[PDB]
>>> print(open('my_file31.txt').read())   # compact mmCIF, N, CA and C atoms
# COMPACT_ATOMS: atom_id res chain seq x y z
N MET A 1 74.23 104.03 177.85
CA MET A 1 74.08 102.66 178.31
C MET A 1 73.09 101.89 177.45
N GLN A 2 73.06 100.58 177.61
CA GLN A 2 72.08 99.73 176.95
C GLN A 2 71.02 99.33 177.96
N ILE A 3 69.75 99.51 177.59
CA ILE A 3 68.62 99.05 178.39
C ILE A 3 67.69 98.25 177.49
N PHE A 4 66.68 97.65 178.12
CA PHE A 4 65.71 96.83 177.43
C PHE A 4 64.31 97.30 177.78
N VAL A 5 63.38 97.06 176.86
CA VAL A 5 61.99 97.43 177.07
C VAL A 5 61.10 96.24 176.74
N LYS A 6 60.54 95.64 177.78
CA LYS A 6 59.65 94.50 177.62
C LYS A 6 58.25 95.02 177.49
N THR A 7 57.56 94.62 176.44
CA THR A 7 56.18 95.03 176.24
C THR A 7 55.26 94.14 177.06
N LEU A 8 53.97 94.46 177.06
CA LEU A 8 53.02 93.66 177.82
C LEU A 8 52.60 92.39 177.08
N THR A 9 52.84 92.31 175.78
CA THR A 9 52.54 91.12 175.00
C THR A 9 53.72 90.17 174.89
N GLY A 10 54.67 90.24 175.83
CA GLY A 10 55.79 89.32 175.82
C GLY A 10 56.85 89.60 174.78
N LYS A 11 56.96 90.85 174.33
CA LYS A 11 57.98 91.23 173.36
C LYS A 11 58.97 92.20 174.00
N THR A 12 60.22 92.12 173.56
CA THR A 12 61.30 92.90 174.14
C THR A 12 62.08 93.60 173.04
N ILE A 13 62.37 94.88 173.25
CA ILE A 13 63.20 95.65 172.33
C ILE A 13 64.42 96.15 173.09
N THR A 14 65.48 96.44 172.35
CA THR A 14 66.75 96.87 172.92
C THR A 14 66.99 98.34 172.59
N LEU A 15 67.28 99.14 173.62
CA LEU A 15 67.45 100.58 173.47
C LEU A 15 68.83 101.02 173.94
N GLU A 16 69.35 102.04 173.28
CA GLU A 16 70.58 102.72 173.66
C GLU A 16 70.19 104.07 174.23
N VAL A 17 70.50 104.30 175.51
CA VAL A 17 70.10 105.52 176.21
C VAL A 17 71.20 105.95 177.17
N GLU A 18 71.06 107.17 177.69
CA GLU A 18 71.89 107.69 178.75
C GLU A 18 70.99 108.19 179.87
N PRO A 19 71.44 108.11 181.12
CA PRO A 19 70.65 108.66 182.23
C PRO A 19 70.15 110.08 182.00
N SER A 20 70.88 110.88 181.23
CA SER A 20 70.44 112.25 180.95
C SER A 20 69.22 112.30 180.04
N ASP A 21 68.90 111.19 179.36
CA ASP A 21 67.75 111.18 178.46
C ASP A 21 66.46 111.40 179.23
N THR A 22 65.64 112.33 178.75
CA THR A 22 64.31 112.47 179.31
C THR A 22 63.44 111.29 178.88
N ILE A 23 62.28 111.16 179.52
CA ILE A 23 61.39 110.05 179.21
C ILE A 23 60.85 110.17 177.79
N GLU A 24 60.60 111.39 177.32
CA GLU A 24 60.13 111.56 175.95
C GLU A 24 61.20 111.20 174.93
N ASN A 25 62.48 111.31 175.31
CA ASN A 25 63.54 110.82 174.43
C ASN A 25 63.47 109.31 174.29
N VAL A 26 63.26 108.61 175.40
CA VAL A 26 63.18 107.15 175.37
C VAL A 26 61.96 106.70 174.59
N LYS A 27 60.80 107.31 174.87
CA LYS A 27 59.60 107.01 174.10
C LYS A 27 59.79 107.35 172.63
N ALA A 28 60.61 108.35 172.32
CA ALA A 28 60.87 108.70 170.93
C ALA A 28 61.74 107.64 170.25
N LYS A 29 62.72 107.09 170.97
CA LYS A 29 63.49 105.98 170.42
C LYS A 29 62.60 104.76 170.20
N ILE A 30 61.71 104.48 171.16
CA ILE A 30 60.74 103.41 170.98
C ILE A 30 59.86 103.68 169.76
N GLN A 31 59.58 104.96 169.48
CA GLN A 31 58.79 105.29 168.30
C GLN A 31 59.56 104.99 167.02
N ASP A 32 60.83 105.40 166.97
CA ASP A 32 61.65 105.14 165.80
C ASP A 32 61.82 103.65 165.56
N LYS A 33 61.90 102.86 166.62
CA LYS A 33 62.16 101.43 166.48
C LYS A 33 60.89 100.62 166.26
N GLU A 34 59.74 101.12 166.69
CA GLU A 34 58.51 100.34 166.65
C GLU A 34 57.34 101.03 165.97
N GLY A 35 57.40 102.34 165.73
CA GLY A 35 56.27 103.03 165.14
C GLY A 35 55.16 103.38 166.11
N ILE A 36 55.35 103.14 167.40
CA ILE A 36 54.36 103.47 168.42
C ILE A 36 54.62 104.90 168.87
N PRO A 37 53.64 105.80 168.75
CA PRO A 37 53.85 107.19 169.16
C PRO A 37 54.07 107.29 170.66
N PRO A 38 54.93 108.21 171.10
CA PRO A 38 55.13 108.41 172.55
C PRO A 38 53.85 108.73 173.30
N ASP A 39 52.80 109.19 172.62
CA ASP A 39 51.53 109.44 173.31
C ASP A 39 50.89 108.14 173.78
N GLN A 40 51.04 107.07 173.00
CA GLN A 40 50.45 105.78 173.31
C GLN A 40 51.38 104.88 174.12
N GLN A 41 52.33 105.45 174.85
CA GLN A 41 53.32 104.69 175.59
C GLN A 41 53.28 105.06 177.07
N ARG A 42 53.14 104.05 177.92
CA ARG A 42 53.22 104.19 179.37
C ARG A 42 54.38 103.32 179.84
N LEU A 43 55.47 103.96 180.26
CA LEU A 43 56.65 103.26 180.73
C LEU A 43 56.59 103.11 182.24
N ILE A 44 56.93 101.92 182.73
CA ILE A 44 56.92 101.64 184.16
C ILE A 44 58.13 100.77 184.50
N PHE A 45 58.92 101.21 185.47
CA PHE A 45 60.02 100.42 186.00
C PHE A 45 59.79 100.18 187.48
N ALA A 46 59.82 98.91 187.88
CA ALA A 46 59.64 98.51 189.28
C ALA A 46 58.36 99.10 189.86
N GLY A 47 57.32 99.16 189.03
CA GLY A 47 56.03 99.65 189.47
C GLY A 47 55.85 101.15 189.33
N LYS A 48 56.96 101.88 189.45
CA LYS A 48 56.90 103.33 189.34
C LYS A 48 56.68 103.75 187.89
N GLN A 49 55.79 104.72 187.69
CA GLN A 49 55.53 105.23 186.36
C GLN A 49 56.58 106.27 185.98
N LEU A 50 57.11 106.16 184.77
CA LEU A 50 58.12 107.10 184.29
C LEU A 50 57.41 108.33 183.73
N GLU A 51 57.47 109.44 184.48
CA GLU A 51 56.76 110.65 184.11
C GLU A 51 57.50 111.41 183.02
N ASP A 52 56.74 111.95 182.07
CA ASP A 52 57.32 112.80 181.04
C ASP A 52 57.97 114.02 181.68
N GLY A 53 59.03 114.51 181.03
CA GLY A 53 59.79 115.63 181.53
C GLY A 53 60.92 115.24 182.46
N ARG A 54 60.77 114.16 183.22
CA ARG A 54 61.84 113.66 184.06
C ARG A 54 62.87 112.93 183.21
N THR A 55 63.96 112.50 183.84
CA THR A 55 65.01 111.75 183.18
C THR A 55 65.00 110.31 183.66
N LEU A 56 65.73 109.45 182.93
CA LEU A 56 65.87 108.07 183.36
C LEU A 56 66.61 107.97 184.69
N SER A 57 67.56 108.87 184.94
CA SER A 57 68.31 108.83 186.19
C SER A 57 67.43 109.14 187.40
N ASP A 58 66.33 109.87 187.20
CA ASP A 58 65.39 110.12 188.28
C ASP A 58 64.82 108.83 188.87
N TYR A 59 65.04 107.70 188.20
CA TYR A 59 64.63 106.39 188.68
C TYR A 59 65.85 105.48 188.72
N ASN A 60 65.74 104.39 189.48
CA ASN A 60 66.86 103.47 189.68
C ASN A 60 67.04 102.56 188.46
N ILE A 61 67.31 103.20 187.32
CA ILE A 61 67.48 102.50 186.05
C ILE A 61 68.97 102.22 185.86
N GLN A 62 69.38 100.97 186.05
CA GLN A 62 70.77 100.60 185.87
C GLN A 62 71.00 100.07 184.46
N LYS A 63 72.27 99.83 184.14
CA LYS A 63 72.64 99.30 182.84
C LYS A 63 71.96 97.95 182.60
N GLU A 64 71.40 97.80 181.39
CA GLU A 64 70.72 96.57 180.97
C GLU A 64 69.52 96.26 181.85
N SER A 65 68.90 97.29 182.42
CA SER A 65 67.61 97.14 183.07
C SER A 65 66.52 96.94 182.02
N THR A 66 65.34 96.52 182.48
CA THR A 66 64.21 96.27 181.60
C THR A 66 63.01 97.07 182.09
N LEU A 67 62.62 98.07 181.32
CA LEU A 67 61.39 98.80 181.56
C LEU A 67 60.20 98.00 181.03
N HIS A 68 59.00 98.43 181.41
CA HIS A 68 57.76 97.83 180.95
C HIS A 68 57.01 98.84 180.10
N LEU A 69 56.62 98.41 178.90
CA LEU A 69 55.95 99.27 177.92
C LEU A 69 54.49 98.85 177.83
N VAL A 70 53.60 99.74 178.25
CA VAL A 70 52.16 99.54 178.11
C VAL A 70 51.66 100.44 176.99
N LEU A 71 50.78 99.91 176.15
CA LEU A 71 50.19 100.68 175.05
C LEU A 71 48.84 101.23 175.50
N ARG A 72 48.71 102.55 175.49
CA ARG A 72 47.52 103.23 176.00
C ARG A 72 47.00 104.22 174.97
N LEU A 73 45.91 104.90 175.33
CA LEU A 73 45.39 106.04 174.60
C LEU A 73 45.21 107.18 175.58
N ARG A 74 45.79 108.34 175.27
CA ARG A 74 45.75 109.46 176.19
C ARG A 74 44.34 110.02 176.32
N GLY A 75 44.02 110.48 177.52
CA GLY A 75 42.74 111.11 177.77
C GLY A 75 42.86 112.61 177.85
N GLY A 76 43.51 113.10 178.89
CA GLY A 76 43.71 114.53 179.08
C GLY A 76 42.42 115.31 179.24
>>> encode(input="my_file31.txt", output="structure tokens")
Amino acid sequence: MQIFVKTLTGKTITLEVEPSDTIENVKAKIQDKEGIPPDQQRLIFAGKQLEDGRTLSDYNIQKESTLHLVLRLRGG
């Protein structure tokens, strides 16, 4: 499917994904398209945080939905 990723600075990118894609796959596509490492990416749809290891289907992500991309620095 086609989805969209709106950043926090008012920028939007277009992604090609499938519900079977894990979150690190989506962050990896965002990396290929933008150069932002998946470590510095916090994805949120409808307030819910997209956890690594889960899939897009684990959330109510429909075709041409728009996720929110926050740029962070990991602590751990």
>>> closest_residue(input="my_file31.txt", among="A:14, A:58, A:39, A:45", to="residue 72 (chain A)", atoms="only N, CA and C atoms")
A:39
>>> residues_around(input="my_file31.txt", residues="residue 66 (chain A)", least_positions_apart="6", cutoff="8 Å", atoms="only N, CA and C atoms", output="compact mmCIF listing (two decimals) with N, CA and C atoms, in the frame of the given file")
# COMPACT_ATOMS: atom_id res chain seq x y z
N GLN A 2 73.06 100.58 177.61
CA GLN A 2 72.08 99.73 176.95
C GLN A 2 71.02 99.33 177.96
N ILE A 3 69.75 99.51 177.59
CA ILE A 3 68.62 99.05 178.39
C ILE A 3 67.69 98.25 177.49
N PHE A 4 66.68 97.65 178.12
CA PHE A 4 65.71 96.83 177.43
C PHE A 4 64.31 97.30 177.78
N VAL A 5 63.38 97.06 176.86
CA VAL A 5 61.99 97.43 177.07
C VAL A 5 61.10 96.24 176.74
N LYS A 6 60.54 95.64 177.78
CA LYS A 6 59.65 94.50 177.62
C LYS A 6 58.25 95.02 177.49
N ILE A 44 56.93 101.92 182.73
CA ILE A 44 56.92 101.64 184.16
C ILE A 44 58.13 100.77 184.50
N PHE A 45 58.92 101.21 185.47
CA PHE A 45 60.02 100.42 186.00
C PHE A 45 59.79 100.18 187.48
N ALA A 46 59.82 98.91 187.88
CA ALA A 46 59.64 98.51 189.28
C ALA A 46 58.36 99.10 189.86
>>> residues_around(input="my_file31.txt", residues="residue 73 (chain A)", least_positions_apart="2", cutoff="6.5 Å", atoms="all atoms listed in the file", output="PyMOL selection string")
chain A and resi 39-41+71+75
>>> atom_distance(input="my_file31.txt", atom1="atom N of residue 37 (chain A)", atom2="atom N of residue 11 (chain A)")
16.3 Å
>>> select_by_dssp(input="my_file31.txt", residues="region 2-53 of chain A", states="helix (DSSP H, G or I)", output="PyMOL selection string")
chain A and resi 23-34+38-40
>>> closest_residue(input="my_file31.txt", among="A:28, A:36, A:23, A:69", to="residue 53 (chain A)", atoms="all atoms listed in the file")
A:23
>>> atom_distance(input="my_file31.txt", atom1="CA of residue 63 (chain A)", atom2="CA of residue 16 (chain A)")
10.0 Å
>>> residues_around(input="my_file31.txt", residues="residue 20 (chain A)", least_positions_apart="6", cutoff="9 Å", atoms="only C-alpha atoms", output="VMD selection string")
chain A and resid 55 to 57
>>> residues_around(input="my_file31.txt", residues="residue 54 (chain A)", least_positions_apart="5", cutoff="8 Å", atoms="all atoms listed in the file", output="PyMOL selection string")
chain A and resi 19-24+59
>>> write_last_selection(input="my_file31.txt", atoms="N, CA and C atoms", output="mmCIF file, in the frame of the given file")
data_model
loop_
_atom_site.group_PDB
_atom_site.id
_atom_site.type_symbol
_atom_site.label_atom_id
_atom_site.label_comp_id
_atom_site.auth_asym_id
_atom_site.auth_seq_id
_atom_site.Cartn_x
_atom_site.Cartn_y
_atom_site.Cartn_z
ATOM 1 N N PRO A 19 71.440 108.110 181.120
ATOM 2 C CA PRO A 19 70.650 108.660 182.230
ATOM 3 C C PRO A 19 70.150 110.080 182.000
ATOM 4 N N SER A 20 70.880 110.880 181.230
ATOM 5 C CA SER A 20 70.440 112.250 180.950
ATOM 6 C C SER A 20 69.220 112.300 180.040
ATOM 7 N N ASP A 21 68.900 111.190 179.360
ATOM 8 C CA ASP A 21 67.750 111.180 178.460
ATOM 9 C C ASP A 21 66.460 111.400 179.230
ATOM 10 N N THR A 22 65.640 112.330 178.750
ATOM 11 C CA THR A 22 64.310 112.470 179.310
ATOM 12 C C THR A 22 63.440 111.290 178.880
ATOM 13 N N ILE A 23 62.280 111.160 179.520
ATOM 14 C CA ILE A 23 61.390 110.050 179.210
ATOM 15 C C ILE A 23 60.850 110.170 177.790
ATOM 16 N N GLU A 24 60.600 111.390 177.320
ATOM 17 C CA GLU A 24 60.130 111.560 175.950
ATOM 18 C C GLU A 24 61.200 111.200 174.930
ATOM 19 N N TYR A 59 65.040 107.700 188.200
ATOM 20 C CA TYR A 59 64.630 106.390 188.680
ATOM 21 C C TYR A 59 65.850 105.480 188.720
#
>>> build_atoms(input="my_file31.txt", residues="region 21-43 of chain A", atoms="N, CA, C and O atoms", output="PDB file, in the frame of the given file")
ATOM      1  N   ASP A  21      68.900 111.190 179.360  1.00  0.00           N
ATOM      2  CA  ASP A  21      67.750 111.180 178.460  1.00  0.00           C
ATOM      3  C   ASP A  21      66.460 111.400 179.230  1.00  0.00           C
ATOM      4  O   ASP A  21      66.208 110.742 180.247  1.00  0.00           O
ATOM      5  N   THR A  22      65.640 112.330 178.750  1.00  0.00           N
ATOM      6  CA  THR A  22      64.310 112.470 179.310  1.00  0.00           C
ATOM      7  C   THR A  22      63.440 111.290 178.880  1.00  0.00           C
ATOM      8  O   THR A  22      63.804 110.503 177.994  1.00  0.00           O
ATOM      9  N   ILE A  23      62.280 111.160 179.520  1.00  0.00           N
ATOM     10  CA  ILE A  23      61.390 110.050 179.210  1.00  0.00           C
ATOM     11  C   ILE A  23      60.850 110.170 177.790  1.00  0.00           C
ATOM     12  O   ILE A  23      60.677 109.155 177.104  1.00  0.00           O
ATOM     13  N   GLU A  24      60.600 111.390 177.320  1.00  0.00           N
ATOM     14  CA  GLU A  24      60.130 111.560 175.950  1.00  0.00           C
ATOM     15  C   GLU A  24      61.200 111.200 174.930  1.00  0.00           C
ATOM     16  O   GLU A  24      60.879 110.829 173.799  1.00  0.00           O
ATOM     17  N   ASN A  25      62.480 111.310 175.310  1.00  0.00           N
ATOM     18  CA  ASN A  25      63.540 110.820 174.430  1.00  0.00           C
ATOM     19  C   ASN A  25      63.470 109.310 174.290  1.00  0.00           C
ATOM     20  O   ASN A  25      63.614 108.772 173.182  1.00  0.00           O
ATOM     21  N   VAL A  26      63.260 108.610 175.400  1.00  0.00           N
ATOM     22  CA  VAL A  26      63.180 107.150 175.370  1.00  0.00           C
ATOM     23  C   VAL A  26      61.960 106.700 174.590  1.00  0.00           C
ATOM     24  O   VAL A  26      62.036 105.822 173.724  1.00  0.00           O
ATOM     25  N   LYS A  27      60.800 107.310 174.870  1.00  0.00           N
ATOM     26  CA  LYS A  27      59.600 107.010 174.100  1.00  0.00           C
ATOM     27  C   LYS A  27      59.790 107.350 172.630  1.00  0.00           C
ATOM     28  O   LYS A  27      59.189 106.700 171.763  1.00  0.00           O
ATOM     29  N   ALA A  28      60.610 108.350 172.320  1.00  0.00           N
ATOM     30  CA  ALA A  28      60.870 108.700 170.930  1.00  0.00           C
ATOM     31  C   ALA A  28      61.740 107.640 170.250  1.00  0.00           C
ATOM     32  O   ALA A  28      61.516 107.309 169.077  1.00  0.00           O
ATOM     33  N   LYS A  29      62.720 107.090 170.970  1.00  0.00           N
ATOM     34  CA  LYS A  29      63.490 105.980 170.420  1.00  0.00           C
ATOM     35  C   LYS A  29      62.600 104.760 170.200  1.00  0.00           C
ATOM     36  O   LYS A  29      62.701 104.079 169.171  1.00  0.00           O
ATOM     37  N   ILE A  30      61.710 104.480 171.160  1.00  0.00           N
ATOM     38  CA  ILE A  30      60.740 103.410 170.980  1.00  0.00           C
ATOM     39  C   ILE A  30      59.860 103.680 169.760  1.00  0.00           C
ATOM     40  O   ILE A  30      59.462 102.753 169.056  1.00  0.00           O
ATOM     41  N   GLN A  31      59.580 104.960 169.480  1.00  0.00           N
ATOM     42  CA  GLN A  31      58.790 105.290 168.300  1.00  0.00           C
ATOM     43  C   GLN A  31      59.560 104.990 167.020  1.00  0.00           C
ATOM     44  O   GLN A  31      59.018 104.381 166.088  1.00  0.00           O
ATOM     45  N   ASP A  32      60.830 105.400 166.970  1.00  0.00           N
ATOM     46  CA  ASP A  32      61.650 105.140 165.800  1.00  0.00           C
ATOM     47  C   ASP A  32      61.820 103.650 165.560  1.00  0.00           C
ATOM     48  O   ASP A  32      61.884 103.207 164.402  1.00  0.00           O
ATOM     49  N   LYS A  33      61.900 102.860 166.620  1.00  0.00           N
ATOM     50  CA  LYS A  33      62.160 101.430 166.480  1.00  0.00           C
ATOM     51  C   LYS A  33      60.890 100.620 166.260  1.00  0.00           C
ATOM     52  O   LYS A  33      60.968  99.529 165.676  1.00  0.00           O
ATOM     53  N   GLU A  34      59.740 101.120 166.690  1.00  0.00           N
ATOM     54  CA  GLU A  34      58.510 100.340 166.650  1.00  0.00           C
ATOM     55  C   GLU A  34      57.340 101.030 165.970  1.00  0.00           C
ATOM     56  O   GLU A  34      56.357 100.349 165.650  1.00  0.00           O
ATOM     57  N   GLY A  35      57.400 102.340 165.730  1.00  0.00           N
ATOM     58  CA  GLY A  35      56.270 103.030 165.140  1.00  0.00           C
ATOM     59  C   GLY A  35      55.160 103.380 166.110  1.00  0.00           C
ATOM     60  O   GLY A  35      54.112 103.866 165.675  1.00  0.00           O
ATOM     61  N   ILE A  36      55.350 103.140 167.400  1.00  0.00           N
ATOM     62  CA  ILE A  36      54.360 103.470 168.420  1.00  0.00           C
ATOM     63  C   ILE A  36      54.620 104.900 168.870  1.00  0.00           C
ATOM     64  O   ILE A  36      55.724 105.206 169.334  1.00  0.00           O
ATOM     65  N   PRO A  37      53.640 105.800 168.750  1.00  0.00           N
ATOM     66  CA  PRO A  37      53.850 107.190 169.160  1.00  0.00           C
ATOM     67  C   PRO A  37      54.070 107.290 170.660  1.00  0.00           C
ATOM     68  O   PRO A  37      53.475 106.529 171.434  1.00  0.00           O
ATOM     69  N   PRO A  38      54.930 108.210 171.100  1.00  0.00           N
ATOM     70  CA  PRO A  38      55.130 108.410 172.550  1.00  0.00           C
ATOM     71  C   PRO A  38      53.850 108.730 173.300  1.00  0.00           C
ATOM     72  O   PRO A  38      53.819 108.564 174.528  1.00  0.00           O
ATOM     73  N   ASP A  39      52.800 109.190 172.620  1.00  0.00           N
ATOM     74  CA  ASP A  39      51.530 109.440 173.310  1.00  0.00           C
ATOM     75  C   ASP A  39      50.890 108.140 173.780  1.00  0.00           C
ATOM     76  O   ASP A  39      50.265 108.104 174.845  1.00  0.00           O
ATOM     77  N   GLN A  40      51.040 107.070 173.000  1.00  0.00           N
ATOM     78  CA  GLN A  40      50.450 105.780 173.310  1.00  0.00           C
ATOM     79  C   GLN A  40      51.380 104.880 174.120  1.00  0.00           C
ATOM     80  O   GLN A  40      51.220 103.654 174.075  1.00  0.00           O
ATOM     81  N   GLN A  41      52.330 105.450 174.850  1.00  0.00           N
ATOM     82  CA  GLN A  41      53.320 104.690 175.590  1.00  0.00           C
ATOM     83  C   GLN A  41      53.280 105.060 177.070  1.00  0.00           C
ATOM     84  O   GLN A  41      53.382 106.238 177.422  1.00  0.00           O
ATOM     85  N   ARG A  42      53.140 104.050 177.920  1.00  0.00           N
ATOM     86  CA  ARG A  42      53.220 104.190 179.370  1.00  0.00           C
ATOM     87  C   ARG A  42      54.380 103.320 179.840  1.00  0.00           C
ATOM     88  O   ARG A  42      54.293 102.089 179.809  1.00  0.00           O
ATOM     89  N   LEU A  43      55.470 103.960 180.260  1.00  0.00           N
ATOM     90  CA  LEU A  43      56.650 103.260 180.730  1.00  0.00           C
ATOM     91  C   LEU A  43      56.590 103.110 182.240  1.00  0.00           C
ATOM     92  O   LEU A  43      56.256 104.059 182.956  1.00  0.00           O
TER      93      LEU A  43
END
